[PDB]
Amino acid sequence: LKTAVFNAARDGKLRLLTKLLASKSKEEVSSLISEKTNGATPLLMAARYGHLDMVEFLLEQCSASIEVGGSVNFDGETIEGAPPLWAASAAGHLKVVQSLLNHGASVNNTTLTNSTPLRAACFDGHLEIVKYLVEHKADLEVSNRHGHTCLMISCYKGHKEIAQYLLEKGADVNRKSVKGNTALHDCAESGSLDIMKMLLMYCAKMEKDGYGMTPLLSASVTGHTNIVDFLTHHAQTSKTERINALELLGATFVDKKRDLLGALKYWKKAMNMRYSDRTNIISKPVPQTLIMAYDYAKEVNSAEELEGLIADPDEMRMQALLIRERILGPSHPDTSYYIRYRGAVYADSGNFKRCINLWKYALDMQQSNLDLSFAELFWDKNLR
C-alpha cells in the first residue's frame, strides 16, 4: 500500500490517492507519506513532476517531509539527496516552487553535492524561478562541492538573461572553484562572447586555473574562435599569450576540427606576431629532446617554414602534437587524449607502428605525471 501511495503521488493521480487515504487514519497517513519508495518520497516525486495540486494536498496532510532529500532522475542520471524544492526548481515547475516556499521550505537546502535550488534553476535556465528564489533570499554564493557557482554554471550553459540578473543582484564575478575555474572560463568554454563582455563590465579579472589556463587559452583548447578573436585584441592579454593562444587554436583546428586550412591561418597570424618587432623577435622555445612518437619533428620557426606545410598534412599533425605539449603540457587531459586520437587515425590507415609509438608515449605521459581510457571510451561542470 505504501508503494501504491507513492506511485499515485509520483503520477499526480490525486483521485486514486484520496480514496486510499480517506478510509485510513490521520496519524497513519503521515507514516505512509514519509515512506522511502525506491529512495524517494511521495512529496519529492510529486514536486519533481510538477503535480501542483498533489503536493498542495500532501502538505495539507503532513508537512513533515518537506525537507527530506531523496533520489530523482534527470537526463538518465540519478541525483542523491535532493529535497523537493530542489527538484521542482531543477525541472522548471515555477508554481510548485512558489507553493513549497509558501509552506516554509528552506530556500538553501541542497543535494549531497551542495547544489542549491537556485543552482538547479540556473542549469536549465528557468529565469522566472531564478528571480523567485533570489527574491526569497537564496544565497547567490553557495557553490557546489567543486566550488562551481550559479554564475559559473549560467555562463557555462549560455544563459545570458540569468547571468545578467545574477550580476545585477551582486553575484561575485571573480569567484574561483576548487580547480581555479572563474566564470570567465565558463564563458570561454561555451563560446558565450556576449556574457563574457557582460562579465568584463564588472571588471572580471582574467586568471589562470589549475591547469594554468587563462580564459583565452580555455577558448583555444575548446575551439571557440569568437573568444580567441576577442581576447587576442584585449589589452589584458600579452603579446606572448596571444601568440601561444593562436598556435594552440591552430592545433585544435588540426586535431578537433580536422580543418588544416583553418589551422594554417592561425599559425600564420601567430608567426607574424612572433616577427612583427624585428628588435625583439619571439622565437619558439626549444624542447629538451626530440620525441619518437612525434616522428622526431620540430616546430616551424619562420614564415618560410610555414608556407611549405599545407601540402604536408602529416607534418601539420605533428606540429599540432608538439604545440599542444608545449602549451598545455603532460598534465592536461587533452595532451594524452589527442596523442591517442592521432595514433588511432594512423591505425585505421594501417600504420600500426606509428600508432603504437604514439600510444606507448601517451601511456608513459599519464603514468609519470600522477597525483578517458580506451575501455571507458569504448567533466565536473555538467553537474546540476
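The numbering used is simple: start at 1 and walk along the sequence shown. Between two forms, the rigid core is defined as the largest C-alpha subset superposing within 1.5 Å.
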Core-aligned Cα RMS comparison in 7 other deposited structures of this protein - stretch that moves more, 260 to 268 or 69 to 77: 69 to 77
Between 346 to 354 and 318 to 326, the one whose CA atoms sit farther away in 7 other deposited structures of this protein (rigid core aligned): 346 to 354
Coordinates lacking for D11, a third or more of other entries: no
Across other compared entries, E376 missing in at least a third: no
Missing residues, deposited sequence, between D371 and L372 (class: none, 1 to 3, 4 to 9, 10 or more): 10 or more
Between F378 and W379 - deposited residues without coordinates, as a size class: 10 or more
Mean temperature factor over C-alpha atoms, higher-scoring stretch between 239 to 247 and 79 to 87: 79 to 87
Mean C-alpha B-factor comparison - 173 to 181 and 302 to 310, higher one: 302 to 310
Peak C-alpha temperature factor (PDB record), options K160, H126, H103, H224: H103
Member of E60, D334, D348, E325 with the greatest C-alpha B factor (per the PDB record): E60
Where the record places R278 (Cα B-factor, split into thirds across the chain): highest
Assigned third (lowest, middle, highest) for the C-alpha B factor of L358: lowest
Third of the chain, ranked by Cα B-factor, where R258 sits: middle
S115 CA temperature factor, ranked by third within the chain: middle
CA B-factor ranking of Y165, expressed as a third of its chain: middle
